[PDB]
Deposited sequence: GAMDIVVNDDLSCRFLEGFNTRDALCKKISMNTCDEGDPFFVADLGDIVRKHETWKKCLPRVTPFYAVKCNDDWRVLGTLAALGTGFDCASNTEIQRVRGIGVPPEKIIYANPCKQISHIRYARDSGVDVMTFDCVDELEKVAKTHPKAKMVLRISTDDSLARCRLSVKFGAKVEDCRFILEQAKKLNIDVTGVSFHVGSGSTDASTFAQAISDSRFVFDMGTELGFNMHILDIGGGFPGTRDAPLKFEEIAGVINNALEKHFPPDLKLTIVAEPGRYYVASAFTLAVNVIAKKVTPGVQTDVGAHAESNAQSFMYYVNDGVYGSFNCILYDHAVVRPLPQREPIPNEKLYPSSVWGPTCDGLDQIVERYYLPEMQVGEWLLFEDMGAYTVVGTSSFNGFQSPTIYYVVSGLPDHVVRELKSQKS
């Protein structure tokens, strides 16, 4: 649960006294929100719940006033479960199961995305009055996003289906090494947005998606992206009382808020070492296979002046020979029972865990700050 020391690492050390565990700094989320409002004041964040759905994480973003981008009936139910109103929810999954569409309608959720005519046929039969946002491609592109040269036809069909199209959205992804992708997407969005107005639609939403860095270390900084985004916005979507700009950041808000502590449960010496820890690719580190993550092990032990360092490998618990976390990283000699830390483990980690081999995912502990007493009391319930 909640512990003290108002620094995630002191709380973690204080805690250490052999099961793996997370220390999540809810206070880091508050800080990320302050930076969002400062760098993207025109954009309302709808947190991508899929990135990390921990209840304290959702309760925190909710009290900070963010919206939520949900992808299934389960996520909508989770968000509505903590008392968040349906207007603060966007169903941003382009290809939805009919019964899930029915659940959203019955829950009061009306904004959804789509990227082809087939989806509109479903909405027509199931949630006729839904406010639909057309998601365009950013050349993940093979899977979702209508090509710009197909949008006129798609909108025509929407008119025939009597669909209330109200915006345009896109998602560049996190694999960009240049913010220019956002500028080009915002330009394409203007073109489709105008086509909708041309055909008689009430276009009032621009959704710029996710893909913003969650670790203030990455090559392409958040600030540089916000600058490129703001300029494209000024040029193609000048401020207007009928226009609302939103985004679906997921990793941006939580990547750096979670630090994982694993225990060295076994060791082999060969001059190199092999450490086995009690979390791996089937657990928290599934992010390595599914999210292309690269991790760095950090000894929890306070360093000793001139310790010798050796080429080491770190392995998960599992029988699988592919369950390897680190291939060759320099670490001082570790002892079974000591701990290794992994920072920036808040995004696409706990949500992709499985109980393969019967191992249980790490318990999550919390440290908090930057929030009112009454809100903390809600987070602790």
Report summary line: Not represented among the modelled residues are deposited positions 1 to 13, 31 to 36, 159 to 165, 297 to 311, 423 to 425
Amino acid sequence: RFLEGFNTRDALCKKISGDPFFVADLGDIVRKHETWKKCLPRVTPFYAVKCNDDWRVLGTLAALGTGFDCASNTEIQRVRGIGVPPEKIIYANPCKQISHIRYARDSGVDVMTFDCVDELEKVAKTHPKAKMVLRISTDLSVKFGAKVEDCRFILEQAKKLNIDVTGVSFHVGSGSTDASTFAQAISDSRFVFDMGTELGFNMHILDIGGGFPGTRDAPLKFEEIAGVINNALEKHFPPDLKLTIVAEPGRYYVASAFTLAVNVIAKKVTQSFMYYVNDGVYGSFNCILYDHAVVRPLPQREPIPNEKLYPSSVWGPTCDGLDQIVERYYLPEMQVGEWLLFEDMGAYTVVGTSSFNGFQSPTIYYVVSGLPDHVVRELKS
From here on, numbers count along this sequence of modelled residues.
Query - Of 222 to 230 and 295 to 303, the one with larger mean CA B-factor - result: 295 to 303
Query raised in the report: Looking at the entry, does 200 to 208 or 254 to 262 show the higher mean C-alpha B-factor?
Result: 200 to 208
Query - Out of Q184, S284, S169, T166, highest CA B-factor residue - result: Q184
Query - Top residue by Cα temperature factor, when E119, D106, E75, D150 are compared in the entry - result: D150
Report task. Looking at the entry's B-factor column for C-alpha atoms only, identify whether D178 ranks in the lowest, middle or highest third of its chain. Result -> highest
Query - Position of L322 among the chain's modelled residues by C-alpha B-factor, lowest, middle or highest third - result: highest
**Report entry** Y275 - which third its CA temperature factor falls in, relative to the rest of the chain
**Finding:** lowest
Query raised in the report: If you rank the chain by CA B-factor, which third does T113 end up in: lowest, middle or highest?
Result: lowest
**Report entry** Ranked C-alpha temperature factor of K235 among modelled chain residues, by third
**Finding:** highest
